Amino acid sequence: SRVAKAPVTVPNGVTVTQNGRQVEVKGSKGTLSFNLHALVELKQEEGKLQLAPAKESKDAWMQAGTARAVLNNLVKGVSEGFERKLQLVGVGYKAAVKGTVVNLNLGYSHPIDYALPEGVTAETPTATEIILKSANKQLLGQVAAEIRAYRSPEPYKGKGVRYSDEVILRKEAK
RNA sequence: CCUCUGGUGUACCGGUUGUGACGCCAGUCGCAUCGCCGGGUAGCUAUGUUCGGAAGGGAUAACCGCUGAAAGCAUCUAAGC
């Protein structure tokens, strides 16, 4: 596995400590935890870390590749973090962050109130744009998917909630 | 379930035909589908009255995912959620 062979780099401020199976990653943004598969071993020499299979199994190489990918994402998150940039399209569709709760008006007969979980922050510079920032890539993606699910893009006008980097299929009636 | 609206209610009240009897008048009783007819207390009862299938947790089906390699990409899946 080319990924599993590739070495991940500790920037500087982040500290990665293995405790048996339960590897922990510390950084400026916060604390993250990741478990290890029985076939996976992690060796931290210098700044770099090496994920290598315990045995020569194909499953072991697979698990090593995923383990390295997750740890690389965790390190990048604790060092710098990720952001999402959700967008709204359609007349009357609006969003506003108030405290930790995002209030959305998406053409229904009732407003929608979405409570962000701990670790994700949101802001609306404009009424039709939402910025989500987090250290946990998986949790950030889950939050973005949940928010998008309230009103998905439709092909005839593109109205709804979308990712900025999202291709929208379009057609027309008749 | 029986407060209300009704049905029934042959041991509750009344009108009335024929006949027989209580010595007779008066007053009553037997029999005639409870003789026939008009009402009707409780109980039972529906066509009458009230109530119920409200709300919420957990695991899922099809389906929709997040992150993610095998397979440097992609990928809901193989680990994990």
Side-chain angles (χ1 to χ4, degrees), chain A residues 1-9 14 16-27 29-44 48-89 95 100 102 104 106-108 110 112-122 130-156 158-171:
Chain A
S1 160
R2 306 187 163 108
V3 160
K5 313 270 228 322
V8 82
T9 308
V14 323
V16 45
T17 92
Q18 182 184 344
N19 183 311
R21 283 307 89 181
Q22 213 279 36
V23 152
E24 186 292 327
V25 171
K26 281 287 312 176
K29 299 332 190 43
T31 300
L32 287 174
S33 163
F34 178 54
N35 301 15
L36 270 204
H37 198 264
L39 312 178
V40 160
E41 196 28 271
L42 166 64
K43 301 338 312 173
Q44 33 182 331
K48 332 287 288 294
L49 305 90
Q50 222 39 42
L51 270 310
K55 255 43 70 194
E56 211 70 5
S57 301
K58 281 196 46 179
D59 314 73
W61 280 105
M62 204 183 44
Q63 297 292 348
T66 86
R68 186 201 109 71
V70 180
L71 296 158
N72 180 318
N73 267 340
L74 295 159
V75 157
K76 275 180 90 299
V78 291
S79 103
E80 181 187 348
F82 324 75
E83 72 152 51
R84 274 312 313 219
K85 292 203 127 265
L86 283 166
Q87 187 184 321
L88 281 82
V89 191
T100 68
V102 198
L104 299 132
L106 299 167
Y108 296 122
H110 63 91
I112 312 172
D113 276 284
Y114 180 73
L116 298 153
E118 262 56 15
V120 180
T121 45
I130 311 185
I131 279 287
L132 311 143
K133 286 196 284 300
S134 198
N136 202 353
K137 196 188 210 264
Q138 193 267 352
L139 193 86
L140 179 75
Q142 187 59 285
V143 170
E146 294 169 54
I147 274 147
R148 186 170 154 291
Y150 278 122
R151 169 85 85 214
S152 265
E154 46 83 38
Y156 298 105
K159 298 179 36 176
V161 179
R162 66 167 63 165
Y163 305 127
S164 324
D165 44 332
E166 177 177 342
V167 175
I168 313 288
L169 303 204
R170 313 264 334 244
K171 32 197 218 184

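Every chain is numbered from 1, with letters handed out A, B, ... down the list of sequences. Heavy atoms only: backbone and side chains are in, while hydrogens, waters and symmetry mates are out.
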Qualifying residues under side-chain hydrogen bond (donor to acceptor under 3.5 Å, both in side chains), relative to A:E80, sequence neighbours excluded: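 Applying side-chain hydrogen bond (donor to acceptor under 3.5 Å, both in side chains) to A:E80 gives none.
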Nearest-angstrom distance, [atom1] atom, [N] to [M]:
N     : M     : atom1 : value
B:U19 : B:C2  : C1'   : 46 Å
B:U41 : B:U8  : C1'   : 13 Å
B:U75 : B:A70 : P     : 14 Å
B:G39 : B:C34 : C1'   : 15 Å
B:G18 : B:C37 : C1'   : 16 Å
B:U67 : B:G52 : P     : 49 Å
B:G68 : B:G80 : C1'   : 9 Å
B:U49 : B:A54 : P     : 24 Å

Distance, nearest 0.5 Å, that separates NZ of A:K137 from CG of A:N72: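 With rounding to 0.5 Å, NZ (A:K137) is 10.0 Å from CG (A:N72).
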Euclidean distance, A:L106 CG relative to A:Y150 OH, rounded to 0.5 Å: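 That separation rounds to 9.5 Å.
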Annotated protein contacts, base or backbone, on nucleotides 56-69 of chain B with a non-hydrogen cut-off under 4.0 Å, one of B, S, - each: ---------BBSSB
Any donor-acceptor pair under 3.5 Å from A:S134 side chain to A:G119 backbone: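 Yes, A:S134 side chain to A:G119 backbone: donor-acceptor pair under 3.5 Å.
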A:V3 backbone acceptor or donor facing A:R68 side chain under 3.5 Å: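 Checked: pair present.
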B:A11 glycosidic torsion: syn (within 90° of 0) vs anti: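 It is syn.
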Assigned glycosidic conformation for B:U19 [threshold 90° from 0]: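 Here B:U19 takes the anti form, which means its glycosidic angle is more than 90° from 0.
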Pairing partner of B:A62 (Watson-Crick or G-U wobble, both distances under 3.5 Å):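 Paired with B:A62, as far as the under-3.5 Å criterion goes, is no nucleotide at all.
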Under 3.5 Å on both distances, the Watson-Crick or G-U partner of B:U10: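 WC or wobble partner does not exist here.
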Using a 3.5 Å limit on both hydrogen-bonding distances, do [N] and [M] make a Watson-Crick or G-U wobble pair?
N     : M     : answer
B:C66 : B:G53 : no
B:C81 : B:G43 : no
B:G18 : B:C31 : yes

Salt bridge (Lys or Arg N to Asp or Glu O under 4.0 Å): pairs with one or both residues in residues 32-41 of chain A, sequence neighbours excluded: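 Checked against salt bridge (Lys or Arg N to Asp or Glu O under 4.0 Å) - neighbours excluded - the pairs reaching residues 32-41 of chain A are A:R21-A:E41, A:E41-A:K43.
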